[PDB]
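To keep things clear, I will list the structure first and then write my remarks on it.
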Amino acid sequence: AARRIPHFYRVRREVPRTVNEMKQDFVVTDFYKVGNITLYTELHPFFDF
Amino acid sequence: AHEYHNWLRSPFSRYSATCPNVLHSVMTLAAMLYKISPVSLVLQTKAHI
Amino acid sequence: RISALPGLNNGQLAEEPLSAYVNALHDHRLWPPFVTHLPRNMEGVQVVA
Amino acid sequence: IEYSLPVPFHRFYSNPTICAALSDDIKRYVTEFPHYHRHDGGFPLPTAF
């Protein structure tokens with residue numbers, strides 16, 4: 001792993017964000033609004049989907 | 001002398017001409033440089049600025 | 001730190017970061033008044049002597 | 001700088017600037033995607049991490 005760290009960044013290509021990361025995007029006010037596409041995932045307080 | 005095709009117009013110097021010399025005037029000159037465009041509007045509004 | 005919204009500047013839409021779309025300090029088309037090195041990014045910008 | 005090897009492996013302890021200084025591949029990668037030059041996480045850890 002430590003030696004092939006450079007091989008990962010060698011590929012000049014982008015990565016998708018996780019839904020948890022895209023979910024942090026929203027302010028408390030508009031987390032509940034229809035504009036939050038990640039709501040279909042927030043099913044359980046104690047578990048993430 | 002091409003003001004109208006310039007990036008910073010007369011209100012910038014009109015502000016900096018009398019602003020007090022504290023850090024807040026620096027931050028204000030920075031926040032005045034927020035672009036006005038649909039992308040910039042959505043980015044500012046989602047942040048509730 | 002103030003000028004670019006770090007909670008929303010996470011992406012691109014052209015081959016430019018979103019922070020370039022929100023604040024002029026962050027795009028490469030605006031130049032500082034004084035130059036000692038030329039900038040790395042000069043796609044649509046052309047310099048005239 | 002010749003004997004040191006960067007390893008971004010955590011949400012913390014993955015500063016893009018340091019690991020870009022230490023390796024040329026991460027330097028190219030960060031110059032490709034300036035929006036990845038961010039410290040809220042979001043900077044892509046390698047596939048193993």
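Labels used: A, B, ... for chains in the order of the structure tokens, numbers from 1 for residues in each chain, and numbers from 1 for ligands as shown.
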Item to check | Residues of chain C within 12 Å of chain A, counting only C-alpha atoms, as a PyMOL selection string | outcome: chain C and resi 5-12+15
Check which residues of chain B sit at most 9 Å from chain A using only C-alpha atoms, and return one row each with the closest pair of atoms and their distance in Å to one decimal, ordered by chain and rising number, as a tab-separated table.
residue	atom	partner	partner_atom	distance
B:46	CA	A:27	CA	7.5
B:47	CA	A:27	CA	7.0
B:48	CA	A:27	CA	8.1
Would you list the contacts of segment 25-42 of chain D as a PDB file with N, CA and C atoms, in the first residue's frame, taking every protein, DNA or RNA residue within 9 Å and counting only C-alpha atoms, but skipping same-chain residues closer than 3 positions in sequence?
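Wrote result39.pdb, looks like this:
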ATOM      1  N   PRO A   6       1.405   6.325  -4.871  1.00  0.00           N
ATOM      2  CA  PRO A   6       1.506   7.097  -6.124  1.00  0.00           C
ATOM      3  C   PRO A   6       0.763   6.495  -7.306  1.00  0.00           C
ATOM      4  N   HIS A   7       0.660   5.170  -7.382  1.00  0.00           N
ATOM      5  CA  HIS A   7      -0.022   4.550  -8.513  1.00  0.00           C
ATOM      6  C   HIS A   7      -1.507   4.892  -8.550  1.00  0.00           C
ATOM      7  N   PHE A   8      -2.112   5.177  -7.394  1.00  0.00           N
ATOM      8  CA  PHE A   8      -3.520   5.559  -7.370  1.00  0.00           C
ATOM      9  C   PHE A   8      -3.723   6.944  -7.966  1.00  0.00           C
ATOM     10  N   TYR A   9      -2.890   7.898  -7.560  1.00  0.00           N
ATOM     11  CA  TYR A   9      -2.995   9.256  -8.071  1.00  0.00           C
ATOM     12  C   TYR A   9      -2.416   9.376  -9.471  1.00  0.00           C
ATOM     13  N   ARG A  10      -1.730   8.334  -9.942  1.00  0.00           N
ATOM     14  CA  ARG A  10      -1.218   8.326 -11.308  1.00  0.00           C
ATOM     15  C   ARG A  10      -2.349   8.457 -12.316  1.00  0.00           C
ATOM     16  N   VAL A  11      -3.503   7.870 -12.007  1.00  0.00           N
ATOM     17  CA  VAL A  11      -4.668   7.887 -12.888  1.00  0.00           C
ATOM     18  C   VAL A  11      -5.335   9.252 -12.735  1.00  0.00           C
ATOM     19  N   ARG A  12      -5.238  10.076 -13.774  1.00  0.00           N
ATOM     20  CA  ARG A  12      -5.706  11.456 -13.738  1.00  0.00           C
ATOM     21  C   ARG A  12      -7.223  11.536 -13.837  1.00  0.00           C
ATOM     22  N   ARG A  13      -7.940  10.867 -12.940  1.00  0.00           N
ATOM     23  CA  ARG A  13      -9.383  10.763 -13.072  1.00  0.00           C
ATOM     24  C   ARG A  13     -10.041  11.000 -11.723  1.00  0.00           C
ATOM     25  N   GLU A  14     -11.290  11.449 -11.770  1.00  0.00           N
ATOM     26  CA  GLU A  14     -12.024  11.901 -10.601  1.00  0.00           C
ATOM     27  C   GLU A  14     -12.679  10.717  -9.888  1.00  0.00           C
ATOM     28  N   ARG A  17     -18.194  11.079  -4.770  1.00  0.00           N
ATOM     29  CA  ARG A  17     -18.368  11.307  -3.345  1.00  0.00           C
ATOM     30  C   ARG A  17     -19.326  10.283  -2.750  1.00  0.00           C
ATOM     31  N   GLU A  21     -20.960  11.854   2.561  1.00  0.00           N
ATOM     32  CA  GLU A  21     -20.277  13.115   2.297  1.00  0.00           C
ATOM     33  C   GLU A  21     -21.183  14.094   1.562  1.00  0.00           C
TER      34      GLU A  21
ATOM     35  N   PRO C   6     -15.960  26.445   1.655  1.00  0.00           N
ATOM     36  CA  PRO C   6     -15.377  25.100   1.633  1.00  0.00           C
ATOM     37  C   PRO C   6     -16.401  24.002   1.801  1.00  0.00           C
ATOM     38  N   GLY C   7     -17.588  24.313   2.320  1.00  0.00           N
ATOM     39  CA  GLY C   7     -18.641  23.329   2.445  1.00  0.00           C
ATOM     40  C   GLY C   7     -19.437  23.088   1.187  1.00  0.00           C
ATOM     41  N   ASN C   9     -17.765  24.160  -2.231  1.00  0.00           N
ATOM     42  CA  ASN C   9     -16.888  24.311  -3.386  1.00  0.00           C
ATOM     43  C   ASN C   9     -16.334  22.986  -3.885  1.00  0.00           C
ATOM     44  N   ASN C  10     -16.954  21.882  -3.496  1.00  0.00           N
ATOM     45  CA  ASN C  10     -16.483  20.530  -3.755  1.00  0.00           C
ATOM     46  C   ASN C  10     -16.898  19.957  -5.102  1.00  0.00           C
ATOM     47  N   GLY C  11     -16.398  20.507  -6.202  1.00  0.00           N
ATOM     48  CA  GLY C  11     -16.684  19.915  -7.491  1.00  0.00           C
ATOM     49  C   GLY C  11     -16.213  20.797  -8.627  1.00  0.00           C
ATOM     50  N   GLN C  12     -16.624  20.407  -9.830  1.00  0.00           N
ATOM     51  CA  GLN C  12     -16.337  21.131 -11.060  1.00  0.00           C
ATOM     52  C   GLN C  12     -17.604  21.160 -11.899  1.00  0.00           C
ATOM     53  N   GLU C  15     -13.878  22.587 -16.689  1.00  0.00           N
ATOM     54  CA  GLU C  15     -12.623  22.151 -16.085  1.00  0.00           C
ATOM     55  C   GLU C  15     -12.078  23.186 -15.111  1.00  0.00           C
ATOM     56  N   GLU C  16     -12.928  23.629 -14.186  1.00  0.00           N
ATOM     57  CA  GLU C  16     -12.689  24.673 -13.212  1.00  0.00           C
ATOM     58  C   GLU C  16     -13.383  24.305 -11.909  1.00  0.00           C
ATOM     59  N   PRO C  17     -12.750  24.554 -10.769  1.00  0.00           N
ATOM     60  CA  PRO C  17     -13.408  24.276  -9.495  1.00  0.00           C
ATOM     61  C   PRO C  17     -14.568  25.222  -9.248  1.00  0.00           C
ATOM     62  N   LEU C  18     -15.532  24.754  -8.456  1.00  0.00           N
ATOM     63  CA  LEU C  18     -16.696  25.576  -8.156  1.00  0.00           C
ATOM     64  C   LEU C  18     -16.299  26.865  -7.453  1.00  0.00           C
ATOM     65  N   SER C  19     -15.242  26.823  -6.638  1.00  0.00           N
ATOM     66  CA  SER C  19     -14.787  28.019  -5.933  1.00  0.00           C
ATOM     67  C   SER C  19     -14.393  29.118  -6.906  1.00  0.00           C
TER      68      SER C  19
ATOM     69  N   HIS D  10      -6.185   8.622   6.248  1.00  0.00           N
ATOM     70  CA  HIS D  10      -7.220   8.871   7.240  1.00  0.00           C
ATOM     71  C   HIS D  10      -7.993  10.121   6.831  1.00  0.00           C
ATOM     72  N   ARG D  11      -9.133  10.371   7.483  1.00  0.00           N
ATOM     73  CA  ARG D  11      -9.829  11.639   7.272  1.00  0.00           C
ATOM     74  C   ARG D  11      -8.976  12.801   7.752  1.00  0.00           C
ATOM     75  N   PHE D  12      -8.416  12.675   8.949  1.00  0.00           N
ATOM     76  CA  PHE D  12      -7.290  13.489   9.374  1.00  0.00           C
ATOM     77  C   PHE D  12      -6.063  12.927   8.664  1.00  0.00           C
ATOM     78  N   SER D  14      -4.273  13.463   6.173  1.00  0.00           N
ATOM     79  CA  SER D  14      -4.298  13.339   4.722  1.00  0.00           C
ATOM     80  C   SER D  14      -4.224  14.708   4.060  1.00  0.00           C
ATOM     81  N   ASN D  15      -3.412  15.601   4.604  1.00  0.00           N
ATOM     82  CA  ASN D  15      -3.303  16.956   4.086  1.00  0.00           C
ATOM     83  C   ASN D  15      -2.860  16.911   2.630  1.00  0.00           C
ATOM     84  N   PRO D  16      -3.639  17.460   1.694  1.00  0.00           N
ATOM     85  CA  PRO D  16      -3.222  17.413   0.285  1.00  0.00           C
ATOM     86  C   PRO D  16      -1.937  18.163  -0.002  1.00  0.00           C
ATOM     87  N   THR D  17      -1.671  19.269   0.696  1.00  0.00           N
ATOM     88  CA  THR D  17      -0.515  20.092   0.346  1.00  0.00           C
ATOM     89  C   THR D  17       0.790  19.373   0.660  1.00  0.00           C
ATOM     90  N   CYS D  19       1.351  16.021   1.036  1.00  0.00           N
ATOM     91  CA  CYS D  19       1.563  14.856   0.189  1.00  0.00           C
ATOM     92  C   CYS D  19       1.747  15.248  -1.273  1.00  0.00           C
ATOM     93  N   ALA D  20       1.266  16.426  -1.671  1.00  0.00           N
ATOM     94  CA  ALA D  20       1.584  16.931  -3.001  1.00  0.00           C
ATOM     95  C   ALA D  20       3.030  17.392  -3.079  1.00  0.00           C
ATOM     96  N   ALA D  21       3.536  18.006  -2.007  1.00  0.00           N
ATOM     97  CA  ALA D  21       4.943  18.385  -1.970  1.00  0.00           C
ATOM     98  C   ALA D  21       5.850  17.160  -2.010  1.00  0.00           C
ATOM     99  N   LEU D  22       5.457  16.086  -1.327  1.00  0.00           N
ATOM    100  CA  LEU D  22       6.343  14.933  -1.200  1.00  0.00           C
ATOM    101  C   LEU D  22       6.389  14.067  -2.455  1.00  0.00           C
ATOM    102  N   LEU D  45      -8.897   9.464  -0.600  1.00  0.00           N
ATOM    103  CA  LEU D  45      -7.975   8.444  -0.140  1.00  0.00           C
ATOM    104  C   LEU D  45      -7.858   7.353  -1.202  1.00  0.00           C
TER     105      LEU D  45
END
Next on the checklist: Within 6 Å of chain B, which residues belong to chain C? Use only C-alpha atoms and report them as a VMD selection string.
Outcome noted: chain C and resid 21 to 24
Selection to disk with C-alpha atoms, as a PDB file, in the first residue's frame:
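Result file is selection-v1.pdb:
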ATOM      1  CA  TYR C  21     -17.411  30.230  -9.981  1.00  0.00           C
ATOM      2  CA  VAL C  22     -18.295  31.854  -6.663  1.00  0.00           C
ATOM      3  CA  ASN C  23     -15.458  34.290  -5.888  1.00  0.00           C
ATOM      4  CA  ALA C  24     -13.215  36.192  -8.288  1.00  0.00           C
TER       5      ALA C  24
END
Item to check | d(atom CA of residue 28 of chain C, atom CA of residue 42 of chain C) in Å | outcome: 7.1 Å
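Coordinates place atom CA of residue 6 of chain D at a distance of 10.8 Å from atom CA of residue 4 of chain A.
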Checklist entry - Between A:5, A:23, A:34, A:42, which has the minimum distance to chain D (counting only C-alpha atoms)? => result A:5
Item to check | alpha helix (DSSP H) residues, from DSSP on the backbone, in chain B, as a PyMOL selection string | outcome: chain B and resi 10-16+23-32+38-46
